[PDB]
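Before any comments, here is the structure.
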Amino acid sequence: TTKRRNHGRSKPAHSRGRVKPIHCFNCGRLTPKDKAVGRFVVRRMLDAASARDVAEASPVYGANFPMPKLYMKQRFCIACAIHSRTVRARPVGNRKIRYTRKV
Amino acid sequence: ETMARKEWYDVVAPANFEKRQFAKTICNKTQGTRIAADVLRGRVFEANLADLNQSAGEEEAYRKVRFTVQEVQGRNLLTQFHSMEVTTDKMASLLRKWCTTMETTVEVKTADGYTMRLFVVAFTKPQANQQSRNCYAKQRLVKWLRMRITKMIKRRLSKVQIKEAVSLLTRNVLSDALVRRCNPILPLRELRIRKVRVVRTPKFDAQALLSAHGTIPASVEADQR
Amino acid sequence: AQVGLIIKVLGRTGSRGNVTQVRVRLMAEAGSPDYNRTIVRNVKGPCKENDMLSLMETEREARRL
Amino acid sequence: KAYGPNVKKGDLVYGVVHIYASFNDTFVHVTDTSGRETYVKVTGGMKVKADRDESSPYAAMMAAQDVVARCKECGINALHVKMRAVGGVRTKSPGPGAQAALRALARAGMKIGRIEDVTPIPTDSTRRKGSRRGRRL
RNA sequence: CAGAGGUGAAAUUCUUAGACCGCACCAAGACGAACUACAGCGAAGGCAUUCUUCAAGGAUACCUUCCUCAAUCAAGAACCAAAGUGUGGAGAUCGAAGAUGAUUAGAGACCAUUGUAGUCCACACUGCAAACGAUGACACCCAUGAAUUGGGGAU
RNA sequence: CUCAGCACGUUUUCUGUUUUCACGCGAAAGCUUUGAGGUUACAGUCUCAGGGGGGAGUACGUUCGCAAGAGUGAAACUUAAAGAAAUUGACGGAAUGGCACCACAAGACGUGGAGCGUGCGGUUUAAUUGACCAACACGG
RNA sequence: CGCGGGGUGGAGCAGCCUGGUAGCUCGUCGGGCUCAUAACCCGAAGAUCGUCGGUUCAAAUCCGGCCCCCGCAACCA
RNA sequence: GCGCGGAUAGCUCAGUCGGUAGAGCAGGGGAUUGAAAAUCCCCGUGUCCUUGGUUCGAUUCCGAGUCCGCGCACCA
RNA sequence: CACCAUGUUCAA
Ligand SMILES: *O[C@H]1[C@H](O)[C@@H](N)[C@@H](O[C@H]2[C@H](O[C@@H]3O[C@H](CO)[C@@H](O[C@H]4O[C@@H](CN)[C@@H](O)[C@H](O)[C@H]4N)[C@H]3O)[C@@H](O)[C@H](N)C[C@@H]2N)O[C@@H]1CO
Ligand SMILES: [Mg+2]
Ligand SMILES: [Mg+2]
Ligand SMILES: [Mg+2]
Ligand SMILES: [Mg+2]
Ligand SMILES: [Mg+2]
């Protein structure tokens, strides 16, 4: 039973032979780069309660000059993406939905 | 007590900058076999370029500049440009996904003797009416974006001195004149000199250093309170 | 200990549901530095909004949700 | 009583605080802006007795208050902040102690200059700890 | 200057002969992040910085040349991931074996600290993959709508 | 100026990697100009392998290899199913949304300790005449 | 045989006040948790210190004779 | 027999230089908890090896001596 | 992300 056409990974049949693996973001498991689920997070450094304390005590930072943030590009193992609930198991008809941009 | 043996010293930039005296520091008093003036004369001082030229606009806010100590005049640390670098928060926000990213490295030997790398990064953009999914680039054209940048920095910064070259790297005179000439090769979303480093230096001339500071702003910490 | 007023009850938290997540306004004396400051804190016991309570260390905020 | 430099009462003297939060222990380290001179280094494992609390944000907060106590003695009115995770080949996401350390310097009246994350990012990586199958839990 | 590390909690381990941290630098060996994707190249293994080079490869364009030269294949040839082997280098990091912690009823395992062979290069050998699209090669016919890569042609 | 340039827009067309979509096909899952279609209405060409599950990719023989091994490759004996795809259910130290004082929470009042009453087991005895959350002051 | 070592709760081992129902790990019991067993938790029991004498206020210890077990040696013509 | 160190509850150990003992840890209780290990809070507990000179007052000062370490000695 | 091993033979 082929659970999914493309077999879990972005490689088609006659395109690549292999893709060199990356380590998982927390597991450290080596999975191929096209297989491993990849999220680019734009996480702020401070919570909006905590950022308001720091922006008030800052000569630089205010409503005019915004505070920096973290830009890190996480890539996870498939065991690692389910367990951190980055990704979840979806119904059989619902598995083909593909999101091309961050919602 | 450890602050009982510390003397406050003041760090002066060269004459290019508006706020000359930045980043007050400490150092030990001289014991006698080791002098403070030799321990200080290799230190590197990182300062934001918006905290120096005193005219922001979120192009200077995202570059810090490093200065290395040449001469010690009492409480002043007479410095020279060590490196400049676009900060890590601005640089990671410039990458989008579906475009392409060219990274050039050019080795420049100035007319003073300073050898430097400049690490230019560039990014393609889509056009206004463009319906395509990606707008990548031909690798013939990214090698001529790279060839023209490498040719144009080795020509403009090999005539100049080092005070002039830092004034080219600051104020975006070099970068704006490098976007405009490299935009008819490929559509460029952003061309930004990412970091520049002084790699090798000429042998230390004292009169060439004092000329690079104009008038030293005369620190106030060989003092009574 | 500063006396803060519950202006919002954010729902029952914890595993067993005995702890309540509130949003407490600090109610200082209006010339103070930390006046009209609001904190998101965990309350143990039955708490409705507009219920004053004493706070030992007001500089902590609880992790929401 | 104050080993500060020669200025008025109003002037801001800057140092650079180096907040390093791991998931094991958080550091708060104040230097001179060259790094070559250290004013105070207070770590979160000096505030708590158990090793599991050393990474916690409350131990980062108490370590942040011990810094402000000495930085006033040294005459440091304001700070630039360089935050970092462990980086390199490791997890690159900042720990629990990071945002609570920074909030406790602003809450204690230390003026905050320019926030920057200087976590070590490789252009290409050495091989990371753990096997091909990674850490298994 | 008084602890760092590590964990689910720890303990092996490092540390007032100064660890961890912070700054600039140096050395050595690997590796080329983000960009990096249902993208390209290659017969398959496989291939990801740059610049100067060497011989090639396919596609496309063509009112060039050739004129059946082809298809597929026992036998026979040359390639073939990783581990492995031989001889020299290298030896940074990860690390089969092994050693210490711990968990456990036991733990010869997972987890932590290490650490040999190996990892990396040169020249030989091997020819064992979930070597996969679990789909032999070459032709033919075959409805539809988004896209995408390279070449060419119209505006 | 790698500049009679670069990218785009609308449209043609060849080559490549694909995608959600008509027949048809299949035991189904699924495949579908990229066939698993054009097949009992069964023949375009060539080629390799399979013949119930094992034993067994074993033994012997031989050829390669420095060795590890590799290629080739049985039988005696043994078995009545092994498999394949789907359905319905039950289960998960798998997600997700609910619920219950025969669950917890926050508490109350106790049982388990003691003495007795009574039921159950055992041991005795001529005999000490069902049930083991949903048996044990219950068969009134 | 000379010489040297030990006999200890059912098992394996300790034992420096000359002396704690003598101590340890395991086992045996009785109750819990479990649908049940194991693990786990709460408890309780069990010693002729091989044996006979003797030193002593008091002996597993201290001195003995015995019974066992286990070795070291057992030589050069 | 010469100099250095060690003796402080069962175990472990820093001392105020001559004004009264401390933490570490084990032993009995509540807390965590549904049940753990770890974590917490609470009640044991050392005449401070023997002697003196006994400084207002000796774990602390000082003079011998037993005990234990190292590095040194060496003619009945 | 502490630990969490197992349930005799046919038959209904
Ligand atoms: O070779 C092509 C063939 O001739 C033709 N039948 C075509 O089929 C489609 C066509 O599909 C492609 O749409 C692509 C654009 O999204 C386009 O590709 C082309 O893009 C242009 C811009 N870059 C060209 O410059 C480029 O060379 C070219 N590859 C088409 O190929 C549709 O656009 C039509 N609407 C319908 C046709 N049936 O596709 C063949 C290759 O795919
Ligand atoms: Mg492969
Ligand atoms: Mg474990
Ligand atoms: Mg290691
Ligand atoms: Mg009865
Ligand atoms: Mg069994």
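Just so it is clear: chains get the letters A, B, ... in the order the sequence lines come, proteins before strands, and each one is counted from 1. Values below: every heavy atom of this structure, side chains too, minus hydrogens, waters and symmetry copies.
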Using modelled atom types only, decide if a donor and an acceptor are shared between the side chain of [X] and the backbone of [Y] within a distance under 3.5 Å.
X	Y	answer
B:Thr170	B:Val166	yes
B:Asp205	B:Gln207	yes
C:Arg41	C:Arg60	yes
B:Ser158	B:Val108	no
B:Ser175	B:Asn172	no

Separation between CE of D:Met83 and CE of A:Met45, rounded to the nearest 0.5 Å: 6.5 Å
CG on B:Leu49 to OG on B:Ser55, rounded to 0.5 Å: 10.5 Å
More than 12 heavy atoms from other groups under 6.0 Å of [atom1] on [X]:
X	atom1	value
B:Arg96	CZ	no
B:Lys29	NZ	yes
B:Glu18	CD	yes

side-chain hydrogen bond (donor to acceptor under 3.5 Å, both in side chains) between B:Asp112 and B:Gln161, worked out: CA-CA 5 Å; B:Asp112 195 2; B:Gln161 295 295 112; 4.6 Å; no
Verdict with reasoning, B:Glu221 to B:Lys6, per salt bridge (charged side-chain N to carboxylate O under 4.0 Å, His left out): CA-CA 12 Å; B:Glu221 297 178 355; B:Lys6 298 297 193 292; over 6 Å; no
Given side chains that start at C-beta, do those of [X] and [Y] come closer than 4.5 Å, heavy atoms only?
X	Y	result
B:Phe22	B:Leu52	yes
A:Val41	A:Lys73	no
B:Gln80	B:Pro14	yes
D:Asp66	D:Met62	no
D:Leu102	D:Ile115	yes
B:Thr79	B:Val12	no
B:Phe45	B:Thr25	yes
B:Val86	B:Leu94	no

If you take all heavy atoms of [X] and [Y], which pair is closest and at what distance?
X	Y	value
D:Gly44	D:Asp25	C-OD1, 3.6 Å
D:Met110	D:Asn77	SD-O, 3.2 Å
B:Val72	B:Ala37	CG2-O, 4.0 Å
C:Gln21	C:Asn42	OE1-OD1, 2.9 Å
B:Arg194	B:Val121	CB-CG1, 4.2 Å

Name of the residue among B:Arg63, B:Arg197, B:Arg66 meeting side chain to side chain donor-acceptor pair (under 3.5 Å) with B:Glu85: B:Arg66
side-chain hydrogen bond (donor to acceptor under 3.5 Å, both in side chains) between D:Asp32 and D:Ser34, intermediate numbers included: CA-CA 5 Å; D:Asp32 63 350; D:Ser34 68; 2.7 Å; yes
Within 45° cone of D:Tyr20 ring axis and under 6.0 Å: D:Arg84 NZ or CZ: yes
Cation-pi, D:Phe23 ring and D:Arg90 (6.0 angstrom, 45 degrees): no
Parallel, tilted or perpendicular, as decided by the 30° and 60° cut-offs, for the rings of B:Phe67 and B:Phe17: perpendicular
Pair B:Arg117 + B:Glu103: basic N to acidic O under 4.0 Å: no
Ionic contact status for B:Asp51 with D:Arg114, cut-off 4.0 Å: yes
Candidate pair D:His18 and D:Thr31, rule side-chain hydrogen bond (donor to acceptor under 3.5 Å, both in side chains), full reasoning: CA-CA 8 Å; D:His18 297 283; D:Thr31 58; 2.7 Å; yes
Short side-chain donor-acceptor distance under 3.5 Å, D:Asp117 and D:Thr119: no
